[PDB]
file work.pdb (PDB, C-alpha atoms)
ATOM      1  CA  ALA A  27      -2.234  19.804   4.099  1.00  0.00           C
ATOM      2  CA  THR A  28       1.509  19.151   4.849  1.00  0.00           C
ATOM      3  CA  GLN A  29       4.595  17.312   3.412  1.00  0.00           C
ATOM      4  CA  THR A  30       7.310  14.933   4.614  1.00  0.00           C
ATOM      5  CA  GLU A  31      10.719  14.483   2.948  1.00  0.00           C
ATOM      6  CA  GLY A  32       9.232  10.929   2.560  1.00  0.00           C
ATOM      7  CA  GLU A  33       6.424  12.272   0.262  1.00  0.00           C
ATOM      8  CA  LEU A  34       9.173  13.540  -2.082  1.00  0.00           C
ATOM      9  CA  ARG A  35      11.238  10.318  -1.841  1.00  0.00           C
ATOM     10  CA  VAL A  36       8.266   8.058  -2.445  1.00  0.00           C
ATOM     11  CA  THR A  37       7.238  10.253  -5.418  1.00  0.00           C
ATOM     12  CA  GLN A  38      10.827   9.989  -6.827  1.00  0.00           C
ATOM     13  CA  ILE A  39      10.965   6.153  -7.017  1.00  0.00           C
ATOM     14  CA  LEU A  40       7.318   6.028  -8.241  1.00  0.00           C
ATOM     15  CA  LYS A  41       8.262   8.044 -11.416  1.00  0.00           C
ATOM     16  CA  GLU A  42      10.782   5.349 -12.353  1.00  0.00           C
ATOM     17  CA  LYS A  43       8.770   2.323 -11.418  1.00  0.00           C
ATOM     18  CA  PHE A  44       5.952   3.960 -13.502  1.00  0.00           C
ATOM     19  CA  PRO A  45       7.252   5.952 -16.601  1.00  0.00           C
ATOM     20  CA  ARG A  46       4.339   4.469 -18.667  1.00  0.00           C
ATOM     21  CA  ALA A  47       1.937   6.271 -16.246  1.00  0.00           C
ATOM     22  CA  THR A  48      -0.900   8.726 -17.109  1.00  0.00           C
ATOM     23  CA  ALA A  49      -1.584   9.638 -13.419  1.00  0.00           C
ATOM     24  CA  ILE A  50       1.098   9.977 -10.640  1.00  0.00           C
ATOM     25  CA  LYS A  51       0.760  11.830  -7.260  1.00  0.00           C
ATOM     26  CA  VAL A  52       1.443  11.285  -3.487  1.00  0.00           C
ATOM     27  CA  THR A  53       0.178  12.971  -0.255  1.00  0.00           C
ATOM     28  CA  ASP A  54       1.356  12.748   3.376  1.00  0.00           C
ATOM     29  CA  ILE A  55      -1.805  12.354   5.527  1.00  0.00           C
ATOM     30  CA  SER A  56       0.263  11.847   8.747  1.00  0.00           C
ATOM     31  CA  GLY A  57       1.451  15.401   9.741  1.00  0.00           C
ATOM     32  CA  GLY A  58       3.050  14.202  13.079  1.00  0.00           C
ATOM     33  CA  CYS A  59       4.654  10.841  12.080  1.00  0.00           C
ATOM     34  CA  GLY A  60       4.470  10.406   8.276  1.00  0.00           C
ATOM     35  CA  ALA A  61       3.166   6.797   8.648  1.00  0.00           C
ATOM     36  CA  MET A  62       0.161   7.283   6.243  1.00  0.00           C
ATOM     37  CA  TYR A  63       0.293   8.459   2.627  1.00  0.00           C
ATOM     38  CA  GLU A  64      -2.149   8.716  -0.282  1.00  0.00           C
ATOM     39  CA  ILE A  65      -0.793   7.373  -3.656  1.00  0.00           C
ATOM     40  CA  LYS A  66      -2.669   7.752  -7.012  1.00  0.00           C
ATOM     41  CA  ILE A  67      -1.291   6.030 -10.166  1.00  0.00           C
ATOM     42  CA  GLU A  68      -2.614   4.955 -13.621  1.00  0.00           C
ATOM     43  CA  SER A  69      -0.333   3.215 -16.225  1.00  0.00           C
ATOM     44  CA  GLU A  70      -0.508   1.177 -19.492  1.00  0.00           C
ATOM     45  CA  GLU A  71       1.346  -1.743 -17.737  1.00  0.00           C
ATOM     46  CA  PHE A  72      -1.598  -2.336 -15.307  1.00  0.00           C
ATOM     47  CA  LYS A  73      -3.624  -4.221 -18.039  1.00  0.00           C
ATOM     48  CA  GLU A  74      -2.584  -7.780 -17.044  1.00  0.00           C
ATOM     49  CA  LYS A  75      -3.410  -7.185 -13.326  1.00  0.00           C
ATOM     50  CA  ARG A  76      -6.105  -7.296 -10.655  1.00  0.00           C
ATOM     51  CA  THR A  77      -6.547  -4.510  -8.043  1.00  0.00           C
ATOM     52  CA  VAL A  78      -4.387  -6.436  -5.504  1.00  0.00           C
ATOM     53  CA  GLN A  79      -1.763  -7.141  -8.217  1.00  0.00           C
ATOM     54  CA  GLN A  80      -1.673  -3.438  -9.324  1.00  0.00           C
ATOM     55  CA  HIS A  81      -1.296  -2.398  -5.618  1.00  0.00           C
ATOM     56  CA  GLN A  82       1.589  -4.924  -5.055  1.00  0.00           C
ATOM     57  CA  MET A  83       3.717  -3.230  -7.819  1.00  0.00           C
ATOM     58  CA  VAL A  84       3.169   0.255  -6.244  1.00  0.00           C
ATOM     59  CA  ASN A  85       3.850  -1.247  -2.740  1.00  0.00           C
ATOM     60  CA  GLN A  86       7.218  -2.723  -3.803  1.00  0.00           C
ATOM     61  CA  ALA A  87       8.246   0.630  -5.440  1.00  0.00           C
ATOM     62  CA  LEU A  88       8.905   2.270  -2.008  1.00  0.00           C
ATOM     63  CA  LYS A  89       9.032  -0.805   0.329  1.00  0.00           C
ATOM     64  CA  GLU A  90      12.788  -0.977   0.092  1.00  0.00           C
ATOM     65  CA  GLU A  91      13.139   2.687   1.253  1.00  0.00           C
ATOM     66  CA  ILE A  92      10.104   2.991   3.675  1.00  0.00           C
ATOM     67  CA  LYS A  93       8.211  -0.234   4.703  1.00  0.00           C
ATOM     68  CA  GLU A  94       5.001   1.155   6.293  1.00  0.00           C
ATOM     69  CA  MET A  95       2.272   0.197   3.688  1.00  0.00           C
ATOM     70  CA  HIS A  96      -0.272  -0.418   6.509  1.00  0.00           C
ATOM     71  CA  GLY A  97      -0.747   3.403   6.397  1.00  0.00           C
ATOM     72  CA  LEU A  98      -0.514   3.768   2.586  1.00  0.00           C
ATOM     73  CA  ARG A  99      -3.820   4.318   0.740  1.00  0.00           C
ATOM     74  CA  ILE A 100      -3.265   3.341  -2.929  1.00  0.00           C
ATOM     75  CA  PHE A 101      -5.249   3.962  -6.046  1.00  0.00           C
ATOM     76  CA  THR A 102      -4.405   2.401  -9.463  1.00  0.00           C
ATOM     77  CA  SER A 103      -5.878   1.939 -12.904  1.00  0.00           C
ATOM     78  CA  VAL A 104      -4.863   1.415 -16.559  1.00  0.00           C
ATOM     79  CA  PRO A 105      -5.526   3.851 -19.453  1.00  0.00           C
ATOM     80  CA  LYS A 106      -7.561   1.726 -21.859  1.00  0.00           C
ATOM     81  CA  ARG A 107      -9.838   4.347 -23.492  1.00  0.00           C
TER      82      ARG A 107
END

call {"tool": "encode", "arguments": {"input": "work.pdb", "output": "structure tokens"}}
result
Amino acid sequence: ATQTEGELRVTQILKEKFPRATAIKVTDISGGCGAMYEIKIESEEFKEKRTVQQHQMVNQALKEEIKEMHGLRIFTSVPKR
């Protein structure tokens, strides 16, 4: 495994776009570019949303800092238990 300074950045804005979250983590999976990342979220706000609609919220959270969500592998859910 490795990190970018982008992994940290993306994790920073994710905390704030998702303070209602029960899961939050990021991984750089692009050790020689930092074009791909893993992102894993779960949050009480994701109730009124499809998979694609959950993803869109997490995509916008770092878009405006790094745009490259072709490479970004995202995982979302809602705590509903």

call {"tool": "resolve_selection", "arguments": {"input": "work.pdb", "expression": "the PyMOL selection byres ((chain A and resi 66-70) around 8)", "output": "ChimeraX atom specification"}}
result
/A:44,46-52,64-65,71-73,100-106

call {"tool": "write_last_selection", "arguments": {"input": "work.pdb", "atoms": "C-alpha atoms", "output": "compact mmCIF listing (two decimals), in the coordinates of the input"}}
result
# COMPACT_ATOMS: atom_id res chain seq x y z
CA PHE A 44 5.95 3.96 -13.50
CA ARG A 46 4.34 4.47 -18.67
CA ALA A 47 1.94 6.27 -16.25
CA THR A 48 -0.90 8.73 -17.11
CA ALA A 49 -1.58 9.64 -13.42
CA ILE A 50 1.10 9.98 -10.64
CA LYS A 51 0.76 11.83 -7.26
CA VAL A 52 1.44 11.28 -3.49
CA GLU A 64 -2.15 8.72 -0.28
CA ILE A 65 -0.79 7.37 -3.66
CA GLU A 71 1.35 -1.74 -17.74
CA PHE A 72 -1.60 -2.34 -15.31
CA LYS A 73 -3.62 -4.22 -18.04
CA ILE A 100 -3.26 3.34 -2.93
CA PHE A 101 -5.25 3.96 -6.05
CA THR A 102 -4.40 2.40 -9.46
CA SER A 103 -5.88 1.94 -12.90
CA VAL A 104 -4.86 1.42 -16.56
CA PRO A 105 -5.53 3.85 -19.45
CA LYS A 106 -7.56 1.73 -21.86

call {"tool": "residues_around", "arguments": {"input": "work.pdb", "residues": "residue 87 (chain A)", "least_positions_apart": "3", "cutoff": "12 Å", "atoms": "all atoms listed in the file", "output": "PyMOL selection string"}}
result
chain A and resi 35-44+65+67+80-84+90-93+95

call {"tool": "resolve_selection", "arguments": {"input": "work.pdb", "expression": "the PyMOL selection byres ((chain A and resi 30) around 12)", "output": "PyMOL selection string"}}
result
chain A and resi 27-29+31-37+52-63

call {"tool": "axis_aligned_box", "arguments": {"input": "work.pdb", "around": "region 48-51 of chain A", "padding_each_side": "8 Å", "output": "AutoDock Vina command-line options"}}
result
--center_x -0.2 --center_y 10.3 --center_z -12.2 --size_x 18.7 --size_y 19.1 --size_z 25.8

call {"tool": "decode", "arguments": {"input": "work.pdb", "residues": "region 85-99 of chain A", "atoms": "N, CA, C and O atoms", "output": "compact mmCIF listing (two decimals), in the first residue's frame"}}
result
# COMPACT_ATOMS: atom_id res chain seq x y z
N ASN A 85 -19.01 12.05 -4.99
CA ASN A 85 -18.26 12.45 -6.19
C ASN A 85 -18.07 13.97 -6.19
O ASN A 85 -16.97 14.48 -6.41
N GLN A 86 -19.12 14.72 -5.87
CA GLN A 86 -19.12 16.15 -5.73
C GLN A 86 -18.25 16.66 -4.57
O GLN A 86 -17.72 17.77 -4.64
N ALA A 87 -18.06 15.86 -3.52
CA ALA A 87 -17.34 16.21 -2.29
C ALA A 87 -15.85 16.52 -2.54
O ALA A 87 -15.28 17.35 -1.84
N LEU A 88 -15.24 15.91 -3.55
CA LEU A 88 -13.84 16.17 -3.94
C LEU A 88 -13.65 16.64 -5.38
O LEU A 88 -12.56 17.12 -5.68
N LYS A 89 -14.70 16.62 -6.21
CA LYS A 89 -14.68 17.11 -7.59
C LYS A 89 -13.98 18.44 -7.74
O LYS A 89 -13.25 18.69 -8.70
N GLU A 90 -14.27 19.35 -6.82
CA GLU A 90 -13.95 20.75 -6.96
C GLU A 90 -12.51 21.06 -6.49
O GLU A 90 -12.08 22.21 -6.41
N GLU A 91 -11.78 20.00 -6.16
CA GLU A 91 -10.42 19.93 -5.65
C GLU A 91 -9.59 19.02 -6.59
O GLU A 91 -8.63 19.51 -7.20
N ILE A 92 -10.02 17.78 -6.82
CA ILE A 92 -9.52 16.82 -7.83
C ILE A 92 -10.71 16.33 -8.67
O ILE A 92 -11.72 15.91 -8.11
N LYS A 93 -10.63 16.30 -10.01
CA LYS A 93 -11.81 15.94 -10.84
C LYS A 93 -11.95 14.46 -11.22
O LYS A 93 -12.97 14.07 -11.78
N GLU A 94 -10.94 13.62 -11.00
CA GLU A 94 -10.66 12.39 -11.74
C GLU A 94 -11.50 11.14 -11.40
O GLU A 94 -11.00 10.01 -11.46
N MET A 95 -12.79 11.29 -11.09
CA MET A 95 -13.69 10.20 -10.65
C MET A 95 -13.96 9.08 -11.68
O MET A 95 -14.77 8.19 -11.42
N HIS A 96 -13.24 9.04 -12.80
CA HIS A 96 -13.11 7.83 -13.62
C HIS A 96 -12.36 6.71 -12.87
O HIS A 96 -12.74 5.53 -12.94
N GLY A 97 -11.33 7.10 -12.12
CA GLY A 97 -10.45 6.23 -11.33
C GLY A 97 -10.99 5.88 -9.95
O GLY A 97 -10.52 4.93 -9.32
N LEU A 98 -11.96 6.64 -9.45
CA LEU A 98 -12.44 6.53 -8.07
C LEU A 98 -13.54 5.48 -7.91
O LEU A 98 -14.62 5.58 -8.49
N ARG A 99 -13.22 4.48 -7.09
CA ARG A 99 -14.03 3.30 -6.77
C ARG A 99 -14.77 3.53 -5.45
O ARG A 99 -14.16 3.45 -4.38
